[PDB]
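**Student:** Let me begin by handing over the structure; questions about it come next.
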Number of protein chains: 2
Amino acid sequence: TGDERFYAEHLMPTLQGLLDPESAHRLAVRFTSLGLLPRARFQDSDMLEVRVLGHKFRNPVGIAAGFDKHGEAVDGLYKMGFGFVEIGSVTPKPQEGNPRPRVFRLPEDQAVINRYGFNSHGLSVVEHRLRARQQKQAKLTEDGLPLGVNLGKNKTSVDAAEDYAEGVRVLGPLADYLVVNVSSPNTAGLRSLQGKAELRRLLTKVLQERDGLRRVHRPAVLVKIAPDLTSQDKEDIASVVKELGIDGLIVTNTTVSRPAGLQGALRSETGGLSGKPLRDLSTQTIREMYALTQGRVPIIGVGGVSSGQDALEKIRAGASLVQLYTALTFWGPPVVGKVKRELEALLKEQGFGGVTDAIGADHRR
Amino acid sequence: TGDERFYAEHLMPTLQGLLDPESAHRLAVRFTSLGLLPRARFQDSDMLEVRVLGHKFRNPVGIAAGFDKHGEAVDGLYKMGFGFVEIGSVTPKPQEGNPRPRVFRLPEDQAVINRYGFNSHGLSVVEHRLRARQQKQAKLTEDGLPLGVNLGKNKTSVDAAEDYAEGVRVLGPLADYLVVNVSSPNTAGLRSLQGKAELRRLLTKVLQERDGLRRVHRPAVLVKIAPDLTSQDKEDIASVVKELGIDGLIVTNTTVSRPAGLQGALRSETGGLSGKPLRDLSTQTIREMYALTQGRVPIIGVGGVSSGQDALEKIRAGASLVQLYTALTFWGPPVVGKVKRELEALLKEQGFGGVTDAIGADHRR
Ligand SMILES: Cc1cc2nc3c(=O)[nH]c(=O)nc-3n(C[C@H](O)[C@H](O)[C@H](O)COP(=O)(O)O)c2cc1C
Ligand SMILES: Cc1cc2nc3c(=O)[nH]c(=O)nc-3n(C[C@H](O)[C@H](O)[C@H](O)COP(=O)(O)O)c2cc1C
Ligand SMILES: Nc1nc(-c2nn(Cc3ccccc3F)c3ncccc23)ncc1C1CC1
Ligand SMILES: Nc1nc(-c2nn(Cc3ccccc3F)c3ncccc23)ncc1C1CC1
Ligand SMILES: O=c1cc(C(O)O)[nH]c(=O)[nH]1
Ligand SMILES: O=c1cc(C(O)O)[nH]c(=O)[nH]1
Ligand SMILES: [Cl-]
Ligand SMILES: [Cl-]
Ligand SMILES: [Cl-]
Ligand SMILES: [Cl-]
């Protein structure tokens, strides 16, 4: 398309130059929520349909958490062409997060570093926002466009598990799936929730709250993990997920690692790294978790997806769905249609009947 | 093409199943040398032409060292569609290398582990082989199809620098470029040639021998490095390469690392790992070396290239040319035309006039 080229060559270089990343983010959210951006042209083919998590997905490409933190742009994001939308992370009480600047571009690496620190309007505000369009979402979901809600915890919380339990009770009834985010690099102590007995205790509590919701309001529960886990950590997570019957995994969050070869001036900023440098570290985590779970636990693959090949690599590694975020900050909305078009071409090329046939195909070689 | 699909879906799964990798290799070399494989269909466009190392390259996609170790299949490889051919590694005296098995497939990872150990017919045999077609090569080179020779050292050599000097004197006059391979993981002590004063002493000697050849027989000298270098190692190599006026770098050899997430049963075999798991580790090394050399030293990018996107990522990171090997063992000869066709499409897509415009483009973002 000419739009892909217009955005990538002209508009995106200009806007990102004039505005700091966080300003860009806020403007992007505003434009999306007002529906100002033109409606995506790409007609979703039947090849791209996926059935997973007790839902139909019209296409396997979603927007990752962190873009629409407060649920302000859901309808605009579906219009952008995403097959599903994940909002959040949402914390129980409102909190401002870290002081600015707290987001950084690494253009030379097609990467971003962020330390937002779970800035959130809080459960009550998001609850009311989602309630305003609850029935609209019900029809979208039935038409193959589900909604995920990513739950966080407050910085000063004295009981992580009760923060997540509050989230389940408040936003669980408005979600097709919930994400327990145990993988933010920017909240002190949080990733230690990924340890065995602690994780078991936490997810037991989350799942009990979930099971206590009425049937039509009962979401799937996923756990989102970091790319920086040890082999022991991953074995433990796999073990717990299967013991408790967690519905799926999101793989992965941003990395606190700094891979060799980063060129960006801001590469030594504190925070989670996203985008291209994360891609193959995300894909290798997907591959391991798929194998550890015997292919029986749905994975949403995320980390450095900006092409059909990126997406299909994650799918073949074991992902049933993929998300992206960082690629939008470089290529803008046209990237969504680009990834789907390329993915469809590659599936035909490699002799797959659809996305579903490609899921985990690398493990059957 | 239907051939790409035929090879990838039917033929390659079958052959690699019936034969052990080394048997496959030997058969592949035999078929190639006999010209039995059909002539590549892809018409090389002007966009793909590159001028570097004092030569025109009709396309930027070459065959990496290790496939045609003894210079037996050069003409078959040009027929396959490669823009340049690198033979070797060649050691001064013949040697058998390690005991079999010494090559292993990791199908689930699209990877290979090898510990051949510089099996070589030796300089004299290769010299005579190349002399038999010297004038044929002269015309190929003038038509944009250069020939590289990769030099190794004998296992029992007591003077590494004299081994490389012998190679320069014997095969240098038959080569468009020579590669000093200081990066094999399978010869004891070899990668320690990448240290500062040792490397300086070695390359000073190589370059003196090179400069002593007659002008029409005077090749470019490149150094091939491992992906497993420390930041100190890379700084030192960059420094030496610029001090001595080394003509270019090949980046990278196979890795002795085992990235997290390898699934192959044979992942704990000793040797160098190649293919997809090496891809982003190769690309990040290219990116660093390009920056350390201020973009003034040509790089041949190699490691896990099996697509146009893989190739263009290396080019944008700083590679003037790319090589592949491992992708052939999975997709067969059609992969060559595939990479070139996809590369050409991506260049147009991203608004590059040709390969030359894309070289190092990530560093100018
Ligand atoms: C600015 C920013 C904010 C993010 N905020 C969240 C968040 O609140 N919750 C979460 O689970 N992940 C968050 N993420 C992580 C993304 O959801 C995603 O896992 C990661 O960025 C990798 O995908 P990408 O490389 O396509 O960006 C954030 C990422 C970025 C760049
Ligand atoms: C079986 C095998 C043998 C190789 N032999 C050599 C060699 O003799 N000299 C050399 O410089 N590199 C050698 N290599 C490394 C390749 O030239 C290349 O650097 C590496 O395989 C990464 O490219 P690839 O991932 O496309 O295979 C060999 C690789 C393989 C797989
Ligand atoms: N720096 C960022 N940029 C973007 C971002 N920009 N644009 C282009 C753009 C289009 C229209 C109006 C204004 C625009 F900025 C986006 N379009 C679609 C989705 C998201 C974006 N999102 C997040 C961040 C930072 C937290 C990391
Ligand atoms: N296992 C390997 N396989 C191959 C390999 N196979 N084929 C297919 C094939 C085609 C025709 C006749 C026989 C064939 F095997 C190749 N075609 C073109 C180039 C190279 C190949 N090369 C190397 C290795 C091992 C050292 C790593
Ligand atoms: O999960 C998360 C949360 C944040 C944040 O800073 O709010 N950042 C990330 O990269 N991942
Ligand atoms: O440079 C080299 C040499 C060999 C070999 O085992 O002969 N293997 C590699 O992977 N790289
Ligand atoms: Cl009830
Ligand atoms: Cl630094
Ligand atoms: Cl003379
Ligand atoms: Cl093992």
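A note on labels: chains of the structure tokens are A, B, ... as shown, every chain counts residues from 1, and ligands are counted from 1 in their shown order.
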Output the contact residues of chain B with respect to chain A at a cut-off of 6 Å, based on only C-alpha atoms, as a PyMOL selection string.

**Tutor:** chain B and resi 107-108+261+284+287-288+362-363+365

**Student:** Include C-alpha atoms and write out the residues we just selected as a PDB file, in the first residue's frame.

**Tutor:**
```
ATOM      1  CA  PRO B 107      15.312 -29.697  12.682  1.00  0.00           C
ATOM      2  CA  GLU B 108      13.090 -28.168  15.389  1.00  0.00           C
ATOM      3  CA  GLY B 261      15.024 -22.481  23.925  1.00  0.00           C
ATOM      4  CA  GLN B 284      23.909  -7.645  16.372  1.00  0.00           C
ATOM      5  CA  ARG B 287      25.671  -3.743  13.886  1.00  0.00           C
ATOM      6  CA  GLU B 288      28.411  -3.308  16.503  1.00  0.00           C
ATOM      7  CA  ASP B 362      19.664   1.432  10.459  1.00  0.00           C
ATOM      8  CA  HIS B 363      22.616   3.539  11.670  1.00  0.00           C
ATOM      9  CA  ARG B 365      17.855   6.429  11.570  1.00  0.00           C
TER      10      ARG B 365
END
```

**Student:** Identify, on the basis of only C-alpha atoms, every residue whose closest approach to region 19-24 of chain A does not exceed 12 Å; exclude the query and any residue fewer than 4 positions from it along the same chain; express the result as number ranges by chain.

**Tutor:** A: 12-15, 28-32, 66-67, 99-107, 111-116, 326, 328-330, 332

**Student:** Which chains and residue numbers are within 6 Å of ligand 1, counting only C-alpha atoms and all ligand atoms, if I want them as a PyMOL selection string?

**Tutor:** chain A and resi 64-66+88-89+112+114+118+181+252-254+274-275+302-305+324-327

**Student:** All in-order C-alpha pairs, least squares, chain A moved onto chain B. Output the fitted coordinates as a short mmCIF file (atom, residue, chain, number, x, y, z; two decimals) with C-alpha atoms, in the first residue's frame, please.

**Tutor:**
```cif
data_model
loop_
_atom_site.label_atom_id
_atom_site.label_comp_id
_atom_site.auth_asym_id
_atom_site.auth_seq_id
_atom_site.Cartn_x
_atom_site.Cartn_y
_atom_site.Cartn_z
CA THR A 1 7.61 -20.92 -7.30
CA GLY A 2 6.42 -24.53 -7.18
CA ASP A 3 10.03 -25.72 -6.82
CA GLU A 4 10.55 -23.81 -3.55
CA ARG A 5 7.43 -25.57 -2.26
CA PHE A 6 8.39 -28.97 -3.73
CA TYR A 7 11.84 -28.91 -2.10
CA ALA A 8 10.65 -27.54 1.25
CA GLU A 9 7.60 -29.82 1.56
CA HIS A 10 8.59 -33.09 -0.13
CA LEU A 11 12.17 -33.61 -1.30
CA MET A 12 14.19 -32.06 1.55
CA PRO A 13 12.23 -33.78 4.40
CA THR A 14 12.76 -37.09 2.56
CA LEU A 15 16.48 -36.84 1.70
CA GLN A 16 17.59 -35.44 5.07
CA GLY A 17 15.57 -38.26 6.69
CA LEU A 18 17.26 -41.07 4.73
CA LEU A 19 20.82 -39.68 4.91
CA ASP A 20 22.96 -38.42 7.79
CA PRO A 21 23.93 -34.71 7.39
CA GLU A 22 27.48 -35.47 6.23
CA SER A 23 26.28 -38.00 3.65
CA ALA A 24 23.80 -35.37 2.44
CA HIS A 25 26.61 -32.81 2.28
CA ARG A 26 28.85 -35.07 0.17
CA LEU A 27 25.96 -35.91 -2.18
CA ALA A 28 24.99 -32.23 -2.44
CA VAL A 29 28.58 -31.32 -3.37
CA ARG A 30 28.65 -34.13 -5.95
CA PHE A 31 25.34 -33.12 -7.55
CA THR A 32 26.38 -29.45 -7.60
CA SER A 33 29.79 -30.18 -9.13
CA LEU A 34 28.22 -32.36 -11.84
CA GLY A 35 25.78 -29.50 -12.57
CA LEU A 36 22.90 -31.99 -12.22
CA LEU A 37 20.67 -29.45 -10.43
CA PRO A 38 18.68 -27.23 -12.89
CA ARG A 39 19.93 -23.70 -13.63
CA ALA A 40 18.42 -21.03 -11.37
CA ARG A 41 15.65 -19.12 -13.14
CA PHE A 42 15.86 -15.81 -11.28
CA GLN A 43 17.01 -12.93 -13.51
CA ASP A 44 19.30 -10.75 -11.38
CA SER A 45 18.05 -7.14 -11.44
CA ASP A 46 20.29 -4.06 -11.36
CA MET A 47 18.95 -3.20 -7.88
CA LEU A 48 20.87 -6.18 -6.46
CA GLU A 49 24.27 -5.17 -7.91
CA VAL A 50 26.92 -4.19 -5.35
CA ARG A 51 30.40 -2.74 -5.89
CA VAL A 52 32.72 -3.54 -2.98
CA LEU A 53 36.19 -5.02 -2.24
CA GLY A 54 37.30 -3.69 -5.66
CA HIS A 55 34.73 -5.87 -7.44
CA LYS A 56 31.24 -5.89 -8.90
CA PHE A 57 28.84 -8.41 -7.38
CA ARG A 58 25.86 -9.23 -9.60
CA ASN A 59 23.88 -10.03 -6.45
CA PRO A 60 24.77 -9.77 -2.72
CA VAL A 61 23.96 -13.40 -1.83
CA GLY A 62 26.91 -15.79 -1.57
CA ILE A 63 27.56 -19.32 -0.32
CA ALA A 64 29.44 -19.29 2.99
CA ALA A 65 32.61 -21.27 3.63
CA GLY A 66 32.21 -24.88 4.73
CA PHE A 67 30.01 -26.13 1.88
CA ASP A 68 32.64 -26.37 -0.87
CA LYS A 69 35.67 -26.90 1.36
CA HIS A 70 37.98 -28.14 -1.41
CA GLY A 71 36.86 -26.02 -4.41
CA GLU A 72 35.05 -28.86 -6.22
CA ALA A 73 31.70 -27.22 -7.00
CA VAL A 74 32.40 -23.56 -7.76
CA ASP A 75 30.75 -23.49 -11.19
CA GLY A 76 27.70 -25.41 -9.96
CA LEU A 77 27.22 -22.84 -7.16
CA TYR A 78 27.21 -19.90 -9.60
CA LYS A 79 24.63 -21.85 -11.62
CA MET A 80 22.61 -22.14 -8.40
CA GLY A 81 22.30 -18.33 -8.46
CA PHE A 82 24.89 -17.20 -5.88
CA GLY A 83 26.45 -13.81 -6.63
CA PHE A 84 29.77 -14.95 -5.17
CA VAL A 85 31.36 -18.18 -3.94
CA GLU A 86 33.64 -18.73 -0.94
CA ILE A 87 35.55 -22.02 -0.77
CA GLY A 88 37.44 -23.48 2.19
CA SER A 89 38.53 -23.45 4.87
CA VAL A 90 41.71 -24.80 3.25
CA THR A 91 44.64 -25.86 5.45
CA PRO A 92 48.30 -25.95 4.21
CA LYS A 93 48.68 -29.73 4.51
CA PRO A 94 45.81 -32.24 4.01
CA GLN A 95 44.09 -33.37 7.20
CA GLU A 96 41.09 -35.57 7.92
CA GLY A 97 39.48 -33.49 10.68
CA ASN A 98 37.49 -34.98 13.57
CA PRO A 99 36.03 -38.54 13.73
CA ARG A 100 32.44 -39.09 12.55
CA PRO A 101 29.73 -38.33 13.37
CA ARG A 102 30.76 -34.66 13.41
CA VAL A 103 27.66 -32.93 11.96
CA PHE A 104 24.19 -32.86 13.50
CA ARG A 105 20.79 -31.51 12.46
CA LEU A 106 18.50 -29.68 14.84
CA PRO A 107 15.31 -29.70 12.68
CA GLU A 108 13.09 -28.17 15.39
CA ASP A 109 15.46 -25.18 15.52
CA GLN A 110 16.34 -25.00 11.79
CA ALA A 111 19.91 -25.33 12.99
CA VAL A 112 23.05 -27.40 12.53
CA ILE A 113 25.90 -28.19 14.91
CA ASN A 114 29.20 -29.17 13.30
CA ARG A 115 32.65 -30.12 14.52
CA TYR A 116 34.30 -31.01 11.20
CA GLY A 117 37.68 -29.79 12.49
CA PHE A 118 39.03 -28.32 9.21
CA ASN A 119 38.93 -31.44 7.05
CA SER A 120 40.90 -30.32 4.00
CA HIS A 121 42.46 -31.64 0.80
CA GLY A 122 45.23 -29.09 1.45
CA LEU A 123 46.60 -26.11 -0.49
CA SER A 124 48.32 -28.07 -3.28
CA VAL A 125 45.22 -30.02 -4.33
CA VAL A 126 42.96 -26.95 -4.17
CA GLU A 127 45.60 -24.85 -5.99
CA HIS A 128 45.62 -27.33 -8.89
CA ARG A 129 41.81 -27.52 -8.91
CA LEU A 130 41.49 -23.72 -9.14
CA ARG A 131 44.28 -23.46 -11.72
CA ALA A 132 42.30 -25.79 -14.01
CA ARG A 133 39.57 -23.12 -14.29
CA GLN A 134 41.56 -19.95 -13.53
CA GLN A 135 40.71 -18.19 -16.81
CA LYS A 136 37.08 -19.26 -16.55
CA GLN A 137 36.99 -17.61 -13.11
CA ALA A 138 38.65 -14.49 -14.51
CA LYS A 139 35.69 -14.02 -16.87
CA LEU A 140 33.14 -14.83 -14.16
CA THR A 141 34.74 -12.22 -11.88
CA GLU A 142 34.63 -9.61 -14.67
CA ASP A 143 30.95 -10.53 -15.17
CA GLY A 144 30.22 -9.84 -11.47
CA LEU A 145 30.68 -13.32 -9.95
CA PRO A 146 33.79 -13.20 -7.67
CA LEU A 147 35.51 -16.07 -5.86
CA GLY A 148 36.66 -16.04 -2.24
CA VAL A 149 39.08 -18.45 -0.58
CA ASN A 150 38.89 -19.07 3.16
CA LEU A 151 42.21 -20.06 4.77
CA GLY A 152 42.65 -22.26 7.83
CA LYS A 153 45.57 -23.73 9.74
CA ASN A 154 46.66 -27.29 10.45
CA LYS A 155 45.79 -28.91 13.77
CA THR A 156 49.45 -29.68 14.55
CA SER A 157 50.85 -26.41 13.16
CA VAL A 158 53.46 -24.84 15.47
CA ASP A 159 53.12 -21.38 13.86
CA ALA A 160 49.61 -20.19 12.96
CA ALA A 161 50.89 -17.11 11.12
CA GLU A 162 53.06 -19.19 8.77
CA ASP A 163 50.08 -21.41 7.91
CA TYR A 164 48.08 -18.35 6.86
CA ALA A 165 51.10 -16.92 5.02
CA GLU A 166 51.46 -20.17 3.03
CA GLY A 167 47.78 -19.92 2.10
CA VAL A 168 48.14 -16.32 0.93
CA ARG A 169 51.10 -17.22 -1.26
CA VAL A 170 49.52 -20.33 -2.77
CA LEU A 171 45.81 -19.49 -3.15
CA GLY A 172 45.97 -15.66 -2.94
CA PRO A 173 46.81 -15.43 -6.69
CA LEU A 174 43.65 -17.42 -7.56
CA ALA A 175 41.26 -15.51 -5.28
CA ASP A 176 39.32 -12.25 -5.52
CA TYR A 177 39.36 -12.18 -1.73
CA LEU A 178 41.00 -14.22 1.03
CA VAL A 179 39.50 -14.86 4.45
CA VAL A 180 41.66 -15.26 7.52
CA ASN A 181 39.47 -17.52 9.59
CA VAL A 182 40.30 -16.75 13.22
CA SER A 183 36.91 -17.99 14.40
CA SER A 184 36.52 -21.76 13.93
CA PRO A 185 35.23 -23.20 17.26
CA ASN A 186 36.69 -26.61 16.39
CA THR A 187 40.46 -25.99 16.28
CA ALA A 188 42.12 -25.66 19.69
CA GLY A 189 43.64 -22.21 20.29
CA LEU A 190 42.35 -20.63 17.07
CA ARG A 191 39.89 -18.03 18.40
CA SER A 192 42.64 -16.71 20.69
CA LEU A 193 44.10 -15.38 17.42
CA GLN A 194 41.41 -12.69 17.84
CA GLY A 195 43.37 -11.09 20.73
CA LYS A 196 45.04 -7.72 20.15
CA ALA A 197 48.85 -8.03 19.84
CA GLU A 198 48.58 -11.61 18.52
CA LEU A 199 46.01 -10.52 15.93
CA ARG A 200 48.11 -7.49 14.98
CA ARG A 201 51.22 -9.65 14.50
CA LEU A 202 49.28 -12.22 12.47
CA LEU A 203 47.48 -9.78 10.16
CA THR A 204 50.63 -7.71 9.63
CA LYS A 205 52.27 -10.88 8.30
CA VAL A 206 49.26 -11.88 6.17
CA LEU A 207 49.04 -8.40 4.63
CA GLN A 208 52.76 -8.31 3.85
CA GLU A 209 52.53 -11.60 1.94
CA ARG A 210 49.44 -10.28 0.13
CA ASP A 211 51.17 -7.03 -0.83
CA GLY A 212 54.05 -9.13 -2.22
CA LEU A 213 51.82 -10.67 -4.93
CA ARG A 214 51.68 -9.20 -8.44
CA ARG A 215 48.94 -6.62 -8.93
CA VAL A 216 46.48 -8.68 -11.01
CA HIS A 217 46.92 -11.52 -8.48
CA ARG A 218 46.51 -9.40 -5.36
CA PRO A 219 43.30 -10.25 -3.39
CA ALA A 220 41.39 -8.32 -0.76
CA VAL A 221 41.97 -9.73 2.74
CA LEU A 222 39.03 -10.20 5.11
CA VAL A 223 38.92 -11.44 8.69
CA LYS A 224 36.14 -13.76 9.81
CA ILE A 225 35.09 -13.42 13.43
CA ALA A 226 33.03 -15.41 15.88
CA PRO A 227 29.71 -14.23 17.40
CA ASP A 228 31.03 -15.08 20.89
CA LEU A 229 33.45 -12.17 21.27
CA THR A 230 33.42 -9.92 24.33
CA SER A 231 32.96 -6.17 23.91
CA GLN A 232 36.70 -5.83 24.59
CA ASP A 233 37.49 -8.34 21.81
CA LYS A 234 35.32 -6.46 19.29
CA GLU A 235 36.87 -3.08 20.21
CA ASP A 236 40.32 -4.61 19.77
CA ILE A 237 39.44 -6.17 16.39
CA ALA A 238 37.91 -2.91 15.16
CA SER A 239 41.03 -1.05 16.25
CA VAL A 240 43.44 -3.47 14.52
CA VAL A 241 41.40 -3.68 11.32
CA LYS A 242 41.56 0.11 10.93
CA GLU A 243 45.22 0.40 11.95
CA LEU A 244 46.32 -2.16 9.33
CA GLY A 245 43.78 -1.39 6.59
CA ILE A 246 42.16 -4.83 6.49
CA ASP A 247 39.82 -4.85 3.50
CA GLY A 248 36.75 -6.22 5.29
CA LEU A 249 35.09 -8.43 7.91
CA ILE A 250 33.01 -11.58 7.71
CA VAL A 251 30.50 -11.61 10.54
CA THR A 252 29.96 -14.24 11.83
CA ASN A 253 31.18 -17.82 12.16
CA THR A 254 29.21 -20.42 14.14
CA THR A 255 28.58 -20.00 17.89
CA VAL A 256 29.78 -22.19 20.77
CA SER A 257 26.89 -20.72 22.75
CA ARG A 258 23.61 -22.59 23.12
CA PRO A 259 20.80 -19.99 23.22
CA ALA A 260 17.91 -20.66 25.58
CA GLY A 261 15.02 -22.48 23.93
CA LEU A 262 16.84 -24.93 21.61
CA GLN A 263 14.58 -27.99 21.25
CA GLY A 264 16.74 -30.32 19.13
CA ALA A 265 17.64 -33.61 20.83
CA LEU A 266 21.28 -33.01 19.80
CA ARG A 267 21.56 -29.46 21.21
CA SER A 268 24.29 -30.48 23.70
CA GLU A 269 26.66 -31.84 21.03
CA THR A 270 30.05 -30.15 20.91
CA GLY A 271 30.59 -27.84 17.95
CA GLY A 272 29.58 -24.61 16.25
CA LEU A 273 25.85 -23.88 16.04
CA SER A 274 24.54 -22.39 12.77
CA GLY A 275 21.18 -21.39 11.29
CA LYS A 276 18.17 -19.63 12.79
CA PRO A 277 19.41 -19.59 16.45
CA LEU A 278 22.51 -17.70 15.23
CA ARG A 279 20.61 -15.13 13.15
CA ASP A 280 20.10 -12.24 15.58
CA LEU A 281 23.48 -12.84 17.26
CA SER A 282 25.09 -12.46 13.81
CA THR A 283 23.05 -9.32 13.06
CA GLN A 284 23.91 -7.64 16.37
CA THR A 285 27.61 -8.35 15.81
CA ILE A 286 27.35 -6.78 12.34
CA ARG A 287 25.67 -3.74 13.89
CA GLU A 288 28.41 -3.31 16.50
CA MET A 289 31.34 -3.89 14.12
CA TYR A 290 29.85 -1.45 11.57
CA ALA A 291 29.60 1.23 14.27
CA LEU A 292 33.08 0.50 15.67
CA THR A 293 34.53 0.84 12.14
CA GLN A 294 32.51 3.99 11.34
CA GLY A 295 30.93 2.22 8.34
CA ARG A 296 34.29 2.39 6.52
CA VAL A 297 35.05 -1.36 6.52
CA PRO A 298 32.92 -3.64 4.25
CA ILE A 299 31.11 -6.42 6.11
CA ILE A 300 29.87 -9.73 4.74
CA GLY A 301 26.94 -10.69 6.96
CA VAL A 302 26.35 -14.38 7.63
CA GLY A 303 24.33 -16.34 10.19
CA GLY A 304 20.82 -17.77 9.87
CA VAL A 305 19.79 -16.09 6.59
CA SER A 306 16.88 -17.93 4.95
CA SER A 307 14.76 -15.03 3.69
CA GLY A 308 14.81 -11.60 2.06
CA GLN A 309 13.96 -10.04 5.44
CA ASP A 310 16.88 -11.88 7.11
CA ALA A 311 19.21 -10.60 4.38
CA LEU A 312 17.92 -7.04 4.45
CA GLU A 313 18.17 -6.91 8.26
CA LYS A 314 21.90 -7.70 7.95
CA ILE A 315 22.32 -5.17 5.13
CA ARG A 316 20.55 -2.44 7.12
CA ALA A 317 22.71 -3.36 10.14
CA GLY A 318 25.81 -2.71 7.99
CA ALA A 319 26.44 -5.69 5.67
CA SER A 320 27.43 -4.96 2.06
CA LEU A 321 26.99 -8.66 1.15
CA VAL A 322 25.39 -11.68 2.81
CA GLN A 323 26.17 -15.38 2.77
CA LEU A 324 24.13 -18.41 3.74
CA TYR A 325 24.77 -22.11 4.18
CA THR A 326 22.51 -23.78 6.74
CA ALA A 327 19.28 -22.67 4.98
CA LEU A 328 20.33 -24.87 2.02
CA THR A 329 20.31 -27.98 4.21
CA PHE A 330 16.63 -27.37 5.01
CA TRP A 331 15.19 -25.70 1.89
CA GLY A 332 17.63 -26.80 -0.83
CA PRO A 333 18.78 -24.73 -3.87
CA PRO A 334 15.43 -22.86 -4.35
CA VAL A 335 16.17 -20.81 -1.22
CA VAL A 336 18.77 -18.80 -3.18
CA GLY A 337 16.22 -17.48 -5.68
CA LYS A 338 13.75 -17.01 -2.82
CA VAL A 339 16.09 -14.76 -0.81
CA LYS A 340 16.95 -12.63 -3.87
CA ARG A 341 13.32 -12.25 -4.99
CA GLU A 342 12.14 -11.29 -1.47
CA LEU A 343 15.12 -8.96 -0.96
CA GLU A 344 14.32 -7.12 -4.20
CA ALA A 345 10.65 -6.76 -3.20
CA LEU A 346 11.56 -5.45 0.27
CA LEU A 347 14.02 -2.89 -1.14
CA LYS A 348 11.29 -1.43 -3.36
CA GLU A 349 8.79 -1.63 -0.49
CA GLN A 350 11.01 0.36 1.89
CA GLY A 351 11.96 2.92 -0.78
CA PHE A 352 15.58 1.96 -1.50
CA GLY A 353 16.97 2.49 -5.01
CA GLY A 354 19.10 -0.64 -4.55
CA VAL A 355 21.10 -2.76 -2.10
CA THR A 356 23.79 -0.06 -1.93
CA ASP A 357 21.35 2.49 -0.45
CA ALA A 358 20.23 0.08 2.29
CA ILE A 359 23.77 -0.71 3.55
CA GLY A 360 23.93 0.55 7.14
CA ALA A 361 20.56 2.32 6.84
CA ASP A 362 19.66 1.43 10.46
CA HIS A 363 22.62 3.54 11.67
CA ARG A 364 21.28 6.62 9.87
CA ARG A 365 17.85 6.43 11.57
#
```

**Student:** Among the residues of region 72-125 of chain B, find those DSSP assigns to strand (DSSP E or B) from the backbone and print them as a PyMOL selection string.

**Tutor:** chain B and resi 84-90+95+103-106+111-114+120
